[PDB]
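Residue numbers (the UniProt record's numbering): 153 to 324. No residue lacks a Cβ here, since even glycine has one placed at the ideal position from N, Cα and C.
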């Protein structure tokens, strides 16, 4: 799951939005209502789409996202890239790395010097979005953060990943 300030890129109705996952949760809770589930809460999404990468081919396509779920968590791992971007996730959250080949590795196994996989972000702003160009980012720091707040998961029925506004390929 993702920290509240994780930016997400999505379309609804045909127009793009870029906002934090908490902002997006709050928008759809205003529009659709919140459902208590497990120790958390879920909100339904209507005609929200995110972009996803077929990692083997490099084809990017739109796919629907159905729900966002949130729950409270005490500690997260922050993976700070040399670029300055931070991915703040729960410790078992899979992160797409290149080590000996492309591999999903849980966040708690990521180390400084690892490289995280993304696409050139310009691809999300093209009129037609078809093929991604991969780009790798080096991990500078990995540390535990005292978080004590809501973490967010996106339910995407057809796929295991979606693309962030900075192009990172994130596990759903």
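Q: State the start and end residues of the unbroken beta strand (DSSP E) segment that holds residue 181.
A: Residue mapping note: residue 181 aligns to position 29 of the chain shown, counting from 1. Looking at the DSSP string, residue 181 is not in any beta strand (DSSP E); the run it does join, the alpha helix (DSSP H), is 173-184.
Q: Go ahead and label residue 296 buried or exposed: buried means 16 or more other beta carbons lie within 10 angstroms of its beta carbon, across all protein chains shown.
A: In the chain shown, the residue the question calls residue 296 occupies position 144. Looking at its Cβ environment, which holds fewer than 16 other Cβ atoms inside 10 Å, residue 296 is exposed.
Q) Between which two residues does the beta strand (DSSP E) harbouring residue 214 extend? A) Taking the chain shown and counting its residues from 1, the one referred to as residue 214 is at position 62. Boundaries of the beta strand (DSSP E) around residue 214: 212-233.
Q: Taking the CB atoms as reference points, tell me whether residue 173 and residue 304 lie closer together than 8 Å.
A: Locating residue 173 in the chain shown gives position 21, where the first residue counts as 1. Locating residue 304 in the chain shown gives position 152, where the first residue counts as 1. It is a contact, given that the beta carbons lie within the stated cut-off.
Q: Rank 224, 199 and 271 by C-alpha distance to the C-alpha of residue 317 and give the top, closest one.
A: Sequence index remark: in the chain shown, residue 317 carries index 165 (1-based). If you compare the alpha carbons of 224, 199 and 271 with that of residue 317, the shortest gap goes to 271.
Q: With distances taken Cα to Cα, identify the nearest neighbour of residue 311 among 302, 322 and 301.
A: The sequence position of residue 311 within the chain shown is 159, counting from 1. Answer by Cα proximity: 322.
Q. Which one or two residues does DSSP pair with residue 209 in a beta bridge?
A. Taking the first residue of the chain shown as 1, we reach residue 209 at position 57. Looking at the DSSP output, residue 209 bridges to nothing.
Q.
Can you find the residues in the same chain that come closer than 6 Å, C-beta to C-beta, to residue 194, ignoring five residues on each side of it along the sequence?
A. Sequence index remark: in the chain shown, residue 194 carries index 42 (1-based). Only 187, 219 and 221 meet the Cβ criterion.
Q: Have a look at 269, 235 and 212 and flag the residue whose alpha-carbon is nearest the alpha-carbon of residue 281.
A: The sequence position of residue 281 within the chain shown is 129, counting from 1. Minimum Cα distance to residue 281 is reached at 212.
Q.
Relative to the C-alpha of residue 225, which candidate in 243, 233 and 216 has its C-alpha closest?
A. For the purposes of this step, residue 225 is taken as residue 73 along the chain shown, with counting starting at 1. Ranking 243, 233 and 216 by Cα distance to residue 225 puts 243 first.
**Q.** C-alpha gap between residue 250 and residue 223, whole angstroms
**A.** Sequence index remark: in the chain shown, residue 250 carries index 98 (1-based). Sequence index remark: in the chain shown, residue 223 carries index 71 (1-based). Computed Cα separation, rounded: 30 Å.
Q | Distance, residue 178 Cα to residue 253 Cα | A | Taking the first residue of the chain shown as 1, we reach residue 253 at position 101. Taking the first residue of the chain shown as 1, we reach residue 178 at position 26. C-alpha separation (whole angstroms): 38 Å.
Q | Neighbourhood of residue 196 by C-beta distance below 8 Å, restricted to the same chain and skipping five residues each side | A | As a first step, residue 196 must be located in the chain shown, where it is residue number 44. Listed in chain order, the non-local C-beta contacts of residue 196 below 8 Å within the same chain comprise 180, 184, 185, 187, 218 and 219, local neighbours out to five positions each way being set aside.
Q.
Only counting the same chain, and skipping five residues up and downstream in sequence, which positions put a Cβ closer than 8 Å to that of residue 308?
A. Counting from one through the chain shown, the residue named residue 308 turns up at place 156. Shown here for residue 308: same chain residues with a beta carbon closer than 8 Å to its own, the five before and five after excluded, namely 202, 204, 215, 216, 217, 218, 314 and 324 in chain order.
Q. Are the CB atoms of residue 248 and residue 268 nearer to each other than 8 Å?
A. The sequence position of residue 248 within the chain shown is 96, counting from 1. The sequence position of residue 268 within the chain shown is 116, counting from 1. Cβ atoms of residue 248 and residue 268: closer than 8 Å.
Q | Per-residue DSSP class, three states only, for residue 290 | A | Taking the first residue of the chain shown as 1, we reach residue 290 at position 138. If DSSP states are grouped into helix, strand and coil, residue 290 belongs with the strands.
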